[PDB]
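*Asks:* Mind looking over this structure? Questions follow.
Each answer follows from the model by the rule given with it, or from the source it names; no laboratory instrument gave them. Methodologically, a virtual Cβ is constructed for each residue, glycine included, from the backbone with ideal geometry; neighbour enumeration extends over all protein chains shown.
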């Protein structure tokens, strides 16, 4: 009924991947991928700064703040989710290309964002992962379809996030460090169309580095384990976005493959993102089923059985797809982790 | 809630197209595109025949009938929707790549299809557009999600199809000839999940040349005008599949753009397919509002207003996308037809 049948793909005729997977051995690989991405993003940001000066030459004094800015600060600034979206929308607007939010609304290029962006350089040291910061260029890709929690709602959510991050740190301190480097922004969302008891968490690569997690289950708040699951789930997408940017994993994103997590046929890259996400959540709930409290051991044992079953069905499905050399190396490493935990 | 946010396209940084659009002036352009496609498909079909001989060398006598078959027959055979799907599934199976139907079921490569296919050469070729032919390799991309009408249901549908094709011939005899060349197969379907009053019609490029139209709708049957709309709608997809095959129309199928026909963001190629489909449907209902019967003039005037309104909103949206030189030439020709309607 829904369908995706017009695919133009009816033409079917340099880093350690294994070390990148585990947070213990990924530190160097991530730094290497971030340096390559920041090299392209600095040029893109400079191109956007020149486009701002063409429309409004009066913005020259605002642009001057970045000119003398140290490259160490500038390299971290151009990779922020809100900055990447602003730079992308800005460059596409100059090429006559429109960018829209999920609700079909046009994301207008705002020159006045540079003034807010320049004033951020006057206080560089802030919280390691930015918990529910008020930034329109983080809310823009969703428009009105997704609501952003604020005030008392955000105040309570910050404390639950702190306990989820402390829980993640107790399991793997290397994964918390990985979260600070790849996913530095945590936004609190609420899906009005979703069922109150459903935990909603999503990620978009138009804003890379921002994790959108729901803290409210109706009027009630979710717990530190479910919120840590949501944070790890979206962090794994952000981590794979970084790898895909430089080292492609899928040679041909067709034909569509079935996923144990979706009813419809999803592309091979989507199933790779799903296995990459759920491999880390299988390891998280495996730790909670052994070294966790007696109250969590019931839910954790259910999650291990549910996730391992789905992973053991998705991995063979993905193996018979157009995977690159790096993509196949990733699948074989994720399969090894699922097998060594049965 | 639904979402499609992991697009690996976060890297945003000759044929007479006008003559191809109208069926009156497309005859030569279509023949050129079909000759190029048949040249590649004949090699792909030969590769599949050699793969059949590797698995079962006993099928040597059946493969010899195809190899010694006249090129005029063989060129038309390799481009049939059921043959294209068989060849694709067969070649992908040899490369360790699985193909699935919309319901997630694996489409198994059937060597025994060649025997049924060889008996089609020996049999006298019936009616130019094959109305509801019993062929599993036409039903395979849908599996169990879509039901195929047969017996008394198909018997009635054949008569309604004949009146729809006669209605299309009375409007533009060039469009009926175009239908016989590009879309030679009409299958009768029923979507159990769809609302009875909804007219369901779809097409897939894994089976190019097959139009899937619904004839039974609730406790009634579709009329010749609604069925002609369904046939023209799916034929326009099949015609654009042929063009896209050789001459690409979208340079970058990102960012996602809003469509007046769908609730959420669809790719630029999807919106191009929609405008290409609805431009011809606008011309069809414009003819029915002027030269049609008094009973159809009410429905036709409503369709012209509904379709022109949506086309006038989709065309500017698509113009601000990564269109190739040919893609932009197509959009400007479709915009001219929409504008020249008052």
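*Asks:* Tell me, which helices (runs of 4 or more DSSP H) wholly within segment A:1-87 include 1 or more residues that are within 14 Å of chain B (Cβ to nearest Cβ) and more than 23 Å from residue A:119 (Cα to Cα)? Break it down stepwise before answering.
*Replies:* Working: elements: A:17-21, A:27-55, A:60-67, A:71-77.
Output list reads A:27-55.
*Asks:* Another question, if that's okay. Mind checking which residues of segment A:88-102 are part of a helix (DSSP H, G or I), within 7 Å of chain B (Cβ to nearest Cβ) and out of contact with any helix residue (DSSP H, G or I) (no Cβ under 7 Å at 6 or more places or on another chain)?
*Replies:* At the first step, the residues of segment A:88-102 found to be part of a helix (DSSP H, G or I) are A:88-94.
Filter once more, so that each one left must be within 7 Å of chain B (Cβ to nearest Cβ): A:88, A:91-92.
Passing the criteria: A:88, A:92.
*Asks:* While we're here: Does residue B:174 meet the test of being over 29 Å from residue B:144 (Cβ atoms), away from chain A (no Cβ under 14 Å) and surrounded by fewer than 23 Cβ atoms within 10 Å (Cβ to Cβ)? Full working, then the answer.
*Replies:* Details: over 29 Å from residue B:144 (Cβ atoms): yes; away from chain A (no Cβ under 14 Å): yes; surrounded by fewer than 23 Cβ atoms within 10 Å (Cβ to Cβ): yes.
When the stated conditions are applied, residue B:174 passes them.
*Asks:* So if I check each of A:220, A:236, which one is assigned by TED's automatic domain parsing to the domain that holds residue A:146 and surrounded by fewer than 19 Cβ atoms within 10 Å (Cβ to Cβ)? Talk me through it step by step, then tell me what you get.
*Replies:* On the way: A:236 fails: surrounded by fewer than 19 Cβ atoms within 10 Å (Cβ to Cβ).
After ruling out the rest, the residue left standing is A:220.
*Asks:* Checking residue A:199 against (1) more than 30 Å from residue A:32 (Cβ to Cβ); (2) touching a helix residue (DSSP H, G or I) at 6+ places or on another chain (Cβ under 6 Å); (3) buried (at least 19 other Cβ atoms within 10 Å of the Cβ), which single condition isn't satisfied?
*Replies:* Of everything listed in (1) more than 30 Å from residue A:32 (Cβ to Cβ); (2) touching a helix residue (DSSP H, G or I) at 6+ places or on another chain (Cβ under 6 Å); (3) buried (at least 19 other Cβ atoms within 10 Å of the Cβ), residue A:199 misses just condition (3).
*Asks:* Which count do you get for residues in segment A:103-122 that are closer than 16 Å to residue A:184 by Cα and either within 14 Å of another protein chain (Cβ to nearest Cβ) or not in a helix (DSSP H, G or I) (or both)? Reasoning before the result, please.
*Replies:* Of all residues in segment A:103-122, those closer than 16 Å to residue A:184 by Cα come to A:120.
Applying the additional criterion that residues be either within 14 Å of another protein chain (Cβ to nearest Cβ) or not in a helix (DSSP H, G or I) (or both) yields none.
Total meeting the criteria: 0.
*Asks:* Another one. Looking only at residues in segment A:239-265 that are more than 8 Å from chain B (Cβ to nearest Cβ) and under 22 Å from residue A:198 (Cα atoms), which one is surrounded by the most Cβ atoms within 10 Å (Cβ to Cβ)?
*Replies:* Ranking the candidates gives A:259 first.
*Asks:* Hey, can you tell me all the residues within segment A:293-321 that are surrounded by 19 or more Cβ atoms within 10 Å (Cβ to Cβ) and in a loop (DSSP other than H, G, I, E, B)?
*Replies:* A:321
*Asks:* Related question: Only one residue in B:107, B:73, B:15, B:63 is in contact with a helix residue (DSSP H, G or I) (Cβ under 8 Å, 6 or more places away or on another chain) and outside the structural domain of residue B:177 (by TED's automatic domain parsing). Which one? Outline the logic, then answer.
*Replies:* Working: B:107 fails: outside the structural domain of residue B:177 (by TED's automatic domain parsing); B:73 fails: outside the structural domain of residue B:177 (by TED's automatic domain parsing); B:63 fails: outside the structural domain of residue B:177 (by TED's automatic domain parsing).
Within the list B:107, B:73, B:15, B:63, the selection yields B:15.
*Asks:* With the structure loaded, tell me whether residue A:272 is away from every other protein chain (no Cβ under 13 Å) and buried (at least 23 other Cβ atoms within 10 Å of the Cβ) or whether it fails that test.
*Replies:* Details: away from every other protein chain (no Cβ under 13 Å): no; buried (at least 23 other Cβ atoms within 10 Å of the Cβ): yes.
So residue A:272 does not fit the description; no.
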